[PDB]
Each structure stands twice: as C-alpha cells, then as structure tokens.
Amino acid sequence: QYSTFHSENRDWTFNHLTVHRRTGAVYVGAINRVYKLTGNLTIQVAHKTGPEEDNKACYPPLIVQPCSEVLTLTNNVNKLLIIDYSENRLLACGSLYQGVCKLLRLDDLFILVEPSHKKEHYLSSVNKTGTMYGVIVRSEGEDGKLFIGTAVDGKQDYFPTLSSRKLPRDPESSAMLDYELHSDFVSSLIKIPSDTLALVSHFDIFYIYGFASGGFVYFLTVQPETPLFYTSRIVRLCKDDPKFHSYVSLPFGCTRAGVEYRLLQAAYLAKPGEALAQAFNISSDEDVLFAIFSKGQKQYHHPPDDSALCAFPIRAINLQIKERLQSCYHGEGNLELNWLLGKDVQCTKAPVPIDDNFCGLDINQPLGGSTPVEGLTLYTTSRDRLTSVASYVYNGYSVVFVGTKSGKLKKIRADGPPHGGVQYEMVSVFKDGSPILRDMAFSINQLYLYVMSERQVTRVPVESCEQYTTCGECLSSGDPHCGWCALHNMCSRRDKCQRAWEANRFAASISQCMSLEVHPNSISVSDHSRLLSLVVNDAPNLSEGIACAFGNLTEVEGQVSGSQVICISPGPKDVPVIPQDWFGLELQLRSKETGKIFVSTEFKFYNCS
Ligand SMILES: *[C@@H]1O[C@H](CO)[C@@H](O)[C@H](O)[C@H]1NC(C)=O
Ligand SMILES: *[C@@H]1O[C@H](CO)[C@@H](O)[C@H](O)[C@H]1NC(C)=O
Ligand SMILES: *[C@@H]1O[C@H](CO)[C@@H](O)[C@H](O)[C@H]1NC(C)=O
Ligand SMILES: *[C@@H]1O[C@H](CO)[C@@H](O)[C@H](O)[C@H]1NC(C)=O
C-alpha cells in the first residue's frame, strides 16, 4: 500500500523525477506538465507546459518570430528537470519551440524567465525522452554554468551535441543560457560533423546520464559506431574549460563469464560502501559510478533481457584517462575519435606534465580511445531486464536499488569478489508490469525511494524489516537495515528500536538472539503450582518487570533478579488436559517495560498414570 500519484491522462506520460534534498518536495517532469508534490505524493501545484500549436520547421520558434508553416497542436515532452539549489529554482526544458527552457520557482512553479532570444537558447527539437542530460556547476563566488548533452535530431548545425552555457544567479541576467564562450573559431560547444551523419543514417548521440565529481563533469553516452553496432562511452570535461580543450571520451562496460555488457541503459553516482571501497582500494568518501548495461553492442532499440549492474570507481576512470593523456603526449598512436575528427589524427609528443587535474591544450584534442574502461560486475540476470539504478550507503553497506522492465525493484547488497553483490529482496511496485524509468530519488532521510513508470510515481520504503517475524528470520535476511528489537519482539532499524543503545536491546547478528531455559523442563499434572526458575540468555535489563504466560492458560507475575525469572506453575483448575501421555505448551515471558511477549521455550506436562 505505497503512496502513489497517477498521471492525469493516459497520454501525458511521466518523463523525469527529482527530490529536493532539504524540503523533500517532489518534482515530476511529464508531457505537458511539471508537478510539485508533497512527500507522500499529494499535488500542491501543477505547471502546464502544453499542448501548444507548433511546427519544427519554424526556426527560430513561433514565440520569437512569425511563421508561415501549418501548425499542429503539439505535446511538450519534458526533456530536462534539474533543481538549481543555490538559487531556489527549477530548470525545466521541453521539446516545444526547438527546446527552450523555463526557470521556475521551487515553491509555486511560477515562471522566472524563458530564454528565447538567441539561437543557443534552443536546446534541441528532439522529442524522444532519455536522450538529454544536464549538470549545473557553480561554486561559491562563481556566477554559474550549465553543461548540456543532447541528441540533435540530425540538425547538427542548429544544436550542439554538448556545450556549456551561462546560468547566472540573477534570473534577469542578459546573459542567461548564452554560450559560456562564443568566438568565430572557438566556442564552448561540440557540434556533430556533417560527415558522420552522412556515414551513418540517423546518427545521433544519446546522453543517458551526467554528473560532477572533483574538478570535472562526466557525460555517459550511447551512439552508433562509426564504420549495426553501438558504443557506450564516458565523456569528461574540466569544470573550468570554456574552450573545451579538455574533452576526453573513452568506451566503457563490463563483463562476467564470457558475457560482455557494453550497451548502457542507466547510471547513478554514489558512495562505495566498505566492501566496494576495499575492492577498489579507495577511501570511503570517494565517488563510484553505478551502471546498468545490456548484453552486447547490437540491438539498441530492442535489447535482450540479459543485463548487468556494474560499478566504476571515479578514481579508476580518472586514472585510465590520465594514462591515455600521458601516452598521447608521449607521441604514441592517434586521437582515435573518428566520429568527431573525421580522420586519423596523430598524437603529438610535447614537453607537457600531465597531472590529475590537467585541463588540456589546443594540441591532442578532442581525445578518444579504443580501449574500454572496465567496471566491476556486481549482478547479472537473463530473465527480467534491468532498467534503472539508485544507490546509497547504510551502516557501511552499499544498497543498490535496480528497477526492471516488468515493474520490479531489486534490493542488492554490494560487495566485491567473490560473486557479490547479492539480491536480498525484490519488490513489486507497478502491478500492471510497467517498466521502471531511469529517474529515482531518495526522500530526505533515505526512508523512501521514489520510483516512476510512464503513468505512476510511487514512494517505496527503503526497508520493510517488520515483515520478518522471528529474530532468526530478521538477522538472516541479508538486509543491512534489519536488526531484532529484543524487548518489542520486532524486526526494525536500530533507530526504530527504542533504547537500542542500551545493553542487549538490539540484536545485530543471529548470535545475539535470546533463548529461554526453564528449570525444570517438565512437571507432573499432579504437581501443580510449582516454582520454576528461568534464565534468559543474552537478555537486556528485565528489572522493569516480567510476566509469565503458560500458553493461553495463565499469566502470572514473575520474580526478577538480573536475567533470572521465578514463576509459579498454573493451579489445579488450570493444568491442561492430556490427549498421548504428555501435553506440550509454550512458556512465554512478557516485558512489563514494553507489554510485548518477547521470548518463549517449550514446556511439558505429563501424567504417569
Ligand atoms: C499526505 O500529505 C497531505 C498533506 O497535504 C495529508 O493531508 C495527507 O493526509 C497525507 N497522506 C497520507 C499520509 O495518507
Ligand atoms: C515527436 O516528434 C516526432 C518528429 O519526428 C513526431 O513524428 C512525433 O509524432 C512526435 N510525437 C509526439 C507528438 O509526442
Ligand atoms: C592500495 O592503496 C594503498 C595506498 O592507498 C597502496 O599502498 C597499495 O599499493 C594499494 N593496494 C594494492 C594495489 O595492492
Ligand atoms: C488456547 O487459547 C487460544 C486463544 O487464547 C485458543 O485459540 C485455543 O483454542 C486454546 N487452545 C486450547 C483450548 O487448547
């Protein structure tokens, strides 16, 4: 019974989702709509973005200059949704009018500005989802910039495939969304060459994901392989490089057991957790890129189910790039980036020191490479295709959530070789079997993960430990969230277990589970009302009081001293009725501190007659 929000319309489908880290406001980008919802997915405001009359042939767009073309009522696909944290704004870009963007207030989604007066304010007319990504970069003191990667719809001269645009703090800035750098010969953008479009029909580059880490930004792309096959790549730029000389692009993927997964589907940047940090030999607070790959390099449009979850430490990505740079600056081989260069170009040997933070020169760039960056494969399936990924760290454990094509959400505990991570739970989110989309986001305290299909957004609890009804089940579940709350007789998070910090109140390994011993273990029916001496192993304080329940029969107050409890057998009018020569029962202790029955052990009655 998860909180959920449905699309208002079978055709106004959901595209993107983001959650404000501080307010917990949920923003959903959808066709013709941007929604602001509460934590439990109740609408507080909905901004309408379409439909509107339009035509892709109107360039510049209708909103800028008159157009003679026949117009058609057109749906506005949300292509970009990013929170501009320092400025309390939401960036929302659609497919209408050659892809202008809006800046919206976070509180009421009211429009701040909609840049439309320059040609670079038109991001792209592509109206398919999952082909564009952006990353905002702004340090304290800096005005701000926005890196955008996008498919260009074969309009290579209208729209850069990747570029940097100004994103000033002042919404009214006369420079809003201009190119960071524009010169006759040098600008802060990459254009797809006509040559490449000529070589490959409907060639385009799809931007699956993007993130900032350290001094760089990273974009993850899929595109047709220039002489079908696709290549998934990591693209890196220095954060401060208006000339784009730092451009480096390397293929990536992963393998396991003769199977190659080289077709990128989804990705998410997070911390490693202790196991992965060890495996990668990095520090706990260093970044790791988690990714979903489909089998092979073919069939981009119709992937098989065979897919994998893979992890790439940012450190290894940077290292392999630095070494590529050093090899190239030593004069070895060529730049190897045919799609962008249009020919083989030799690496230039030059007396230039390359450090971790090398930001390029006008030689040896843009830089490519044929050797893939290999990730650590964590999990594979051949059954239900993996479609999404999010991850965080709980108590030093990496918990990776992976959505599927049939609306399942897998919960995977990560560790390195041998053969980790491990799926400890799978949950059905969408009963109609709809694919889970790429965008997932956590609530403010990582209590929930918000997950979306085309027609639904659902708030999914990160854990449901209480589904485990014994200490044994609880602590053998594999779920890093779950421990056994001793006195409340329940499986929960440490933080959900009152006085968990007190001795033996919270069990974190199957070993700490309480056991009960009775002395003696059995009595004769003719021996009613006898004093039994009980011992509770691994007990917390019981001095608050203990009652003794002999099954459904009686319940008496017990005598407490440390972890020992004295209780009196039931009287003659309560001694059970033997079938057999013996009648079994369950002697249970009740905590007066909590009111809950929390342990029991078998107790026997007999009749030697
Ligand atoms: C969700 O939040 C709203 C606040 O507007 C509240 O009225 C509603 O009861 C909540 N829904 C739940 C948790 O059932
Ligand atoms: C999206 O744009 C394409 C242009 O190639 C068009 O053919 C298609 O009908 C559009 N789909 C909509 C209206 O969402
Ligand atoms: C792991 O890192 C440490 C320093 O951080 C280094 O000494 C060691 O060589 C590395 N482990 C390997 C590669 O065996
Ligand atoms: C014991 O009592 C329980 C409910 O307290 C009842 O369901 C059960 O039938 C009883 N067992 C007997 C009478 O043996």
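Each residue takes its place number in the sequence, starting with 1. Scope of the values below: all heavy atoms of this structure, side chains included, with no hydrogens, waters or symmetry mates.
Remark: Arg315 is not positioned above the aromatic ring of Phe280, lacking an NZ or CZ atom under 6.0 angstrom from the ring centre and at most 45 degrees off the axis.
Distance alone, capped at 3.5 Å, is enough to place a donor-acceptor pair between the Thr387 side chain and the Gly403 backbone. Formation of a donor-acceptor pair under 3.5 Å by the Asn395 side chain with backbone atoms of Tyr397 is not found in this model. Formation of a donor-acceptor pair under 3.5 Å by the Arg505 side chain with backbone atoms of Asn541 is not found in this model. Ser398 places no side-chain N or O within donor-acceptor distance of the main-chain N or O of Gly273, the cut-off being under 3.5 Å. A donor-acceptor distance shorter than 3.5 angstrom exists from the side chain of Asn78 to the backbone of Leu80, with no hydrogens or angles considered. For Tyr450 (side chain) and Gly39 (main-chain N/O), a donor-acceptor pair under 3.5 Å exists by modelled atom type. Side-chain N or O atoms of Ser477 include none that pairs as donor or acceptor with a backbone N or O of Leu475 at under 3.5 Å. Judged purely by atom type and a 3.5 angstrom limit, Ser391 uses its side chain to pair as donor or acceptor with the backbone of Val399.
Residues satisfying the side-chain contact (heavy atoms from CB on, under 4.5 Å) test with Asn504, not counting sequence neighbours, are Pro540. Taking the side-chain hydrogen bond (donor to acceptor under 3.5 Å, both in side chains) definition, one finds that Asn88 meets it with nothing, sequence neighbours left out. Under the side-chain contact (heavy atoms from CB on, under 4.5 Å) criterion, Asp439 pairs with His16, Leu17, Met452, sequence neighbours left out. The side-chain hydrogen bond (donor to acceptor under 3.5 Å, both in side chains) search around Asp581 returns none, not counting sequence neighbours.
Within the structure, ring pair (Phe, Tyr, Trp, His ring centres under 6.0 Å) contacts touching residues 456-506 (residues at least two apart or in different chains) are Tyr394-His481. Listed by first and then second residue, the ring pair (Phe, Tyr, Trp, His ring centres under 6.0 Å) pairs that reach into residues 422-448 are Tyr392-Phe442, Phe401-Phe442, sequence neighbours excluded. Identified under the side-chain hydrogen bond (donor to acceptor under 3.5 Å, both in side chains) test for residues 554-569, with sequence neighbours left out: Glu555-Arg590. The disulfide bond (SG atoms under 2.5 Å apart) contacts involving residues 539-590 comprise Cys548-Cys567, where partners must be two or more places apart or lie in separate chains. Judged as a side-chain hydrogen bond (donor to acceptor under 3.5 Å, both in side chains), the pairs with a partner in residues 594-603 (not counting sequence neighbours) are, in order, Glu586-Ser600, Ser591-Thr594, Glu602-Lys604. Among residues at least two apart or in separate chains, there is no disulfide bond (SG atoms under 2.5 Å apart) pair with a member in residues 382-464. The list of disulfide bond (SG atoms under 2.5 Å apart) pairs with a residue in residues 580-609, not counting sequence neighbours, is empty.
Sulfur-to-sulfur, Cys465 and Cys474 sit at least 2.5 Å apart at their SG atoms. In this structure, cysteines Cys491 and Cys471 have SG atoms that are not closer than 2.5 angstrom.
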request  = May I have the step-by-step check of ring-ring contact (aromatic ring centres under 6.0 Å, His included) for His47 and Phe110, ending in yes or no?
outcome  = CA-CA 8 Å; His47 185 275; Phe110 265 90; 8.0 Å; no

query = Can you list the steps and then say if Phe605 with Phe583 is a ring-ring contact (aromatic ring centres under 6.0 Å, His included)?
reply = CA-CA 5 Å; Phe605 279 99; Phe583 177 84; 7.6 Å; no

query = Where do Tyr379 and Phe290 land on the ring-ring contact (aromatic ring centres under 6.0 Å, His included) test, with the steps shown first?
reply = CA-CA 11 Å; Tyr379 177 89; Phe290 291 86; over 10 Å; no

ask   = Hey, mind stepping through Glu274 and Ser284 against side chain to side chain donor-acceptor pair (under 3.5 Å) and telling me if it holds?
value = CA-CA 7 Å; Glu274 289 308 311; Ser284 285; 2.6 Å; yes

Derivation of the side chain to side chain contact (heavy atoms under 4.5 Å, CB included) call for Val518 and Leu587 = CA-CA 9 Å; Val518 203; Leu587 179 52; 3.9 Å; yes

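Inter-residue side-chain proximity for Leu106 and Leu90 is flagged as met; some heavy-atom pair is nearer than 4.5 Å. In this structure the side chain of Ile234 reaches within 4.5 angstrom of the side chain of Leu220, judged on heavy atoms. Looking at heavy atoms from C-beta onward, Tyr261 lies in side-chain contact with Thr380 at the 4.5 angstrom threshold. Between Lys48 and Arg33 the shortest side-chain heavy-atom distance falls below 4.5 Å. Between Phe252 and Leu264 there is a side-chain heavy-atom pair separated by less than 4.5 Å. Within the 4.5 Å cutoff, side-chain heavy atoms of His6 are placed close to those of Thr4. With a 4.5 Å cut-off on side-chain heavy atoms, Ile314 and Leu289 count as touching. Here the side chains of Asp84 and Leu91 are not in contact, with every heavy-atom distance at 4.5 Å or above.
Interatomic distance, CE of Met426 versus OG1 of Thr404, reported as 7.5 Å (0.5 Å rounding). We find the CG-CG distance between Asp415 and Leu376 to be 9.5 Å, quoted to the nearest 0.5 Å. The line from CG of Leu104 to CG of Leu112 is 7.0 Å long, rounded to the nearest 0.5 Å. Between the CZ atom of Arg385 and the NZ atom of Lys405 there is a distance of 6.5 Å, given to the nearest 0.5 Å. Put simply, CG on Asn318 and OG on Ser213 are 7.0 Å apart, with the number rounded to the nearest 0.5 Å. To the nearest 0.5 Å, atoms CG (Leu409) and OG (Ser388) are separated by 7.0 Å.
Other residues, nucleotides and ligands contribute more than 12 heavy atoms inside 6.0 Å of the CZ atom of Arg22. The neighbour count for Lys573 NZ, taken as heavy atoms of other residues, nucleotides or ligands under 6.0 Å away, does not exceed 12. Remark: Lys271 NZ is packed, more than 12 non-hydrogen atoms of other residues, nucleotides or ligands lying under 6.0 Å away.
Contact between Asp384 and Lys408 at its shortest, heavy atoms only, is OD2-CB, 4.2 Å.
A salt bridge is defined here as a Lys NZ or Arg NE, NH1 or NH2 lying under 4.0 Å from an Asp or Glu carboxylate O, and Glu142 with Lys239 fails to meet this definition. Ion pairing between a basic and an acidic side chain is recognised when a charged N comes within 4.0 Å of a carboxylate O; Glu87 and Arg138 show such pairing.
Ring geometry for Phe312 against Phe293 counts as tilted: the plane angle lies between 30° and 60°, on a 0 to 90° scale.
Between the side chains of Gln456 and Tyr2, no donor-acceptor pair of N or O atoms lies under 3.5 Å.
Ring centers of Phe14 and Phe5: under 6.0 Å apart, within the cut-off.
Each of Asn40, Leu37, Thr42, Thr38 was compared with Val26 under the side chain to side chain contact (heavy atoms under 4.5 Å, CB included) criterion, and only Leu37 meets it.
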For residues 522-531, run the donor-acceptor check on the side chains, cut-off 3.5 Å, and write out each pair with its distance to 0.1 Å, sequence neighbours left out.
residue : atom : partner : partner atom : Å
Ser524  : OG   : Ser526  : N            : 3.3

